[PDB]
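Q: Got an experimental structure here, sequence first:
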Amino acid sequence: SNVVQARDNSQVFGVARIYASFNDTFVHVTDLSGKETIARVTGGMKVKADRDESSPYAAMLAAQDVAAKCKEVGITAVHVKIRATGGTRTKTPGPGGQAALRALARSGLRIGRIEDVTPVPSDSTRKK
Amino acid sequence: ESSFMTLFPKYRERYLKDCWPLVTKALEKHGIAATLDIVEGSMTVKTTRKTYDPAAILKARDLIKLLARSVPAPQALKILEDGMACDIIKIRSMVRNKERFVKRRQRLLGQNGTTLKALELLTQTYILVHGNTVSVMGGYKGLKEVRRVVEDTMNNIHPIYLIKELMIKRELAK
Amino acid sequence: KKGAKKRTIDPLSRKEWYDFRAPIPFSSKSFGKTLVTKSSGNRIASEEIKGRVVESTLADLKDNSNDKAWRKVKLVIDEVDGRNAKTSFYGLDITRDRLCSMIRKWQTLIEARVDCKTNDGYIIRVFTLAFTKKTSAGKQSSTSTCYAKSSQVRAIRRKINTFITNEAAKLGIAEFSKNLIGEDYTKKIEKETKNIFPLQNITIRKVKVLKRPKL
RNA sequence: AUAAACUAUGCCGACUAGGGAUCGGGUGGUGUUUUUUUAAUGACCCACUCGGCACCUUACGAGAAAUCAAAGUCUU
RNA sequence: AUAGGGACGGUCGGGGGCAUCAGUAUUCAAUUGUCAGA
């Protein structure tokens, strides 16, 4: 269960990306100029993909019984980057959201460079 | 502090300029700041230090987007509700020709907008066609059906088949 | 009680820190910090961060910098001086607030793409953003038209680009970047343009470092 | 070379028209701004003209009606 | 001929070729970092 390997963190530090399909909600926290990858827990949580993770009910199952183990191996104060959603595919944002970014905020970390990275492009392949 | 911006065409300025006091009021209930730049011709929304739930900014990002594409304000602010979803469907990059795009769009709305109304009644969504976009607002499933209908209509697939299929689906649900 | 977790060996163990710094006309300060994985013989500490790229909003000067906080400047770690990240110019841009900001539906929108040549042995691409300005007190309505015959449009492109290719052939990237961020060119373009058709909100939407020699 | 080859509307010869809408010239310009120790110029704008732009519109003419400044159009 | 033809200039043009690149996004890969779902 980790400890040291390509180590070791400090750590201020790091930056974690959100993202949430209008049928999920991600949660993971790597590090800088790229980096990887002490943190994750996403949708894989509760219920029966009905409500589901769409409604943040499991975004509450977020971070707490999840990402708050960043305080675990040194991670102290991260940095967000919401990407929900895919596109295109289709935008924009998912449930979670405030549950997303705010969640991890209501614990051992800190807001930083909250940049909606959600990726889209100059006219491409059509859906259906 | 999170921030989103959108550009609006000049023919919309006037309308936004008179209804902006309502927008900010509607946004003030979530402690979200908003600015209407008349020089750049853009609307911008952004979180503050008093935003309880920052996630609502995503809904606030949709609001001004809907406002930019001639969605009426009373209809547009419904996005702030938890259940409401939206989708702006760009229809400009399907046809290289100009007056063929007019034909296919025209077929999307149809005579007296009847077909469009029929679409709205079958997917249970608000739909508005404007320029090179089709702004939709409702349930996620209804939005997916609208997107399929619109995109297929732009690729010269007649919406009659989709309307009939949705009609049968509606009838089966009784 | 019975916890559901417990910290054993942090992953951010073998992590070294650094400081963001780029000369040019930006403050000496070490705005923000980066992060990297320790050396490992093959891996060379400060040497993987070569092609690194940072996006920074103007707070890279203490003065009127907080105001003009919409120019997204993109920098590349070009050299490292033990525990410090040195950076050169890589990219210049804007954001959605501004872009979507100046976009009304009764005016015209113009764009000029340009490939400049700097004496520094540097190649650029600069995008310009132009908007037509009213002149009759009539707030742009469905009744107000501020369009500009397509002939006048390109008339400006032709003029704008031509002005900038000469501007670059006579400057150092340090000077050019300094100038591009400054309302210097907004005024110049405004000068050549009022001749063709009075503009408003003029901007240098984006700048990309196409090919930068490393003499 | 078929066509879900179309304003279901001919035109060699043209009006009931306008209003507006766009792209020419010619004016005023007054508005900006270049030039650049001051401008002029150049641009931007402004109006105003005339070019013609296409459109749109019916105090008119229609036809057998919806529509039409045409299919208006010479006891129908 | 305020026909028609054509001069010439001034244009103005998403006119056209014809390449040219610029781009995106796409996807290929490729190490990616992880790492059960997806």
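A: Looks like it came in fine. Numbers count the residues shown, from 1 in each chain, chains lettered A, B, ... in the order given.

Q: From residue B:120, how far out is residue B:142?
A: Using Cβ to Cβ, to the nearest Å, residue B:142 is found at 9 Å from residue B:120. Any C-beta I mention is one placed from the backbone N, CA and C, and that applies to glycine too.

Q: OK, contacts around the one residue in chain B that gets nearest to chain C?
A: Nearest to chain C, among the residues of chain B, is residue B:9, at 1.8 Å (Cβ to the nearest Cβ). Residues in contact with residue B:9 (Cβ atoms under 8 Å, 6 or more residues apart in numbering or on different chains) are B:41, B:68, B:131, C:103, C:104, C:105, C:106.

Q: tell me the SS of residue C:208?
A: Following DSSP: H, G, I helix; E, B strand; the rest coil, residue C:208 is assigned to strand.

Q: Contact partners for it?
A: Shown in contact with residue C:208 (Cβ under 8 Å, 6+ apart): C:91, C:124, C:125.

Q: quick check, nearest of the contacts of residue B:9 to RNA strand D?
A: Nearest to RNA strand D, judged by Cβ to the nearest atom of the strand, of the contacts of residue B:9 is residue C:106 at 10.7 Å.

Q: I'd like to know how many residues surround that closest one.
A: When counting by other Cβ atoms under 10 Å in any protein chain shown, one arrives at 23 neighbours for residue C:106.

Q: The nearest residue to it once chain neighbours are set aside bridge partners, please.
A: Leaving aside its sequence neighbours, residue C:106 sits nearest to residue B:10 (Cβ to Cβ, 6 or more residues apart in numbering or on different chains; 2.6 Å). Beta-bridge partners of residue B:10, counted by DSSP bridges, are residue C:105.

Q: Tell me how many other residues surround residue B:10.
A: Other residues near residue B:10 come to 25 when the count uses other Cβ under 10 Å.

Q: so it sits right up against residue B:42, yeah?
A: No. Contact criterion Cβ atoms under 8 Å: residue B:10 and residue B:42 do not qualify, at 11.8 Å.

Q: Near chain A, which residues of chain C are found?
A: Taking Cβ under 8 Å from any Cβ of the partner chain as the criterion, chain C approaches chain A at residues C:4-15, C:17, C:33-38, C:40, C:49, C:52.

Q: swap the cut-off to 10 Å and go again
A: Residues of chain C lying close to chain A (Cβ under 10 Å from any Cβ of the partner chain) are C:3-18, C:32-38, C:40, C:43, C:48-49, C:51-55, C:57, C:77, C:85, C:96.

Q: tell me the strands in chain A, going along the chain?
A: Per DSSP state E, chain A carries strands over the ranges A:16-17, A:28-29, A:80-81.

Q: so which of those strands gets nearest residue C:22?
A: Closest to residue C:22 of those is strand A:80-81 (Cβ to Cβ; 22.4 Å).

Q: Just give the strands next to that closest one in its sheet, each with its orientation.
A: Sheet pairing for strand A:80-81, assigned by DSSP bridges, gives strand A:16-17 (parallel).

Q: got the contact list for the strand it pairs with?
A: Taking contacts as Cβ atoms under 10 Å, 6 or more residues apart in numbering or on different chains, the residues outside strand A:16-17 that touch it are A:26-31, A:38-40, A:63, A:67, A:70, A:75, A:78-84, A:101, A:104, A:109, A:112, A:115, A:117.

Q: are any of those buried, and which?
A: Among the contacts of strand A:16-17, those buried by neighbour count (16 or more other Cβ atoms under 10 Å in any protein chain shown) are A:26-31, A:38-39, A:63, A:67, A:70, A:75, A:78-84, A:101, A:104, A:109, A:112, A:115.

Q: Tell me which of those residues fall in helices.
A: residue A:104 (DSSP state H).

Q: Please tell me how far the residue nearest to residue C:45 when sequence neighbours are not counted sits from residue A:13.
A: Excluding the flanking residues, the one nearest residue C:45 by Cβ to Cβ, 6+ apart is residue C:39, at 4.0 Å. Distance, residue C:39 to residue A:13, using Cβ to Cβ: 18 Å.

Q: Neighbour count for these two, which is higher?
A: Neighbour count, other Cβ under 10 Å: between residue C:39 and residue A:13, residue A:13 has more, with 20 against 14.

Q: Pull the contacting residues for the more buried one.
A: A:31-32, A:70, A:74-79, C:12, C:15, C:17, C:33, C:35.

Q: let's go with 8 Å and repeat that
A: A:31, A:32, A:74, A:75, A:76, A:77, A:78, C:12, C:15, C:17, C:35.

Q: Quick one: distance of the helix or strand hosting residue B:169 to the chain centre.
A: Using DSSP states H and E, residue B:169 maps to helix B:160-172. Centroid separation for helix B:160-172 versus its chain: 23 Å, with Cα atoms, centre = their mean, to the nearest Å.

Q: One more: stretch B:153-161?
A: Between the centre of stretch B:153-161 and the centre of its chain there are 20 Å (Cα atoms, centre = their mean).

Q: repeat for stretch A:61-78
A: How far stretch A:61-78 lies from its chain's middle: 11 Å, per Cα atoms, centre = their mean.

Q: So is that stretch next to chain C?
A: Yes. Stretch A:61-78 reaches chain C (Cβ under 8 Å from any Cβ) through A:65, A:68, A:69, A:71, A:72, A:73, A:74, A:75.

Q: give me the element the most centrally placed residue in chain B is part of.
A: Centroid-nearest residue in chain B, with Cα atoms, centre = their mean: residue B:135, separated by 2.6 Å. If you go by DSSP H and E, residue B:135 is part of strand B:133-138.
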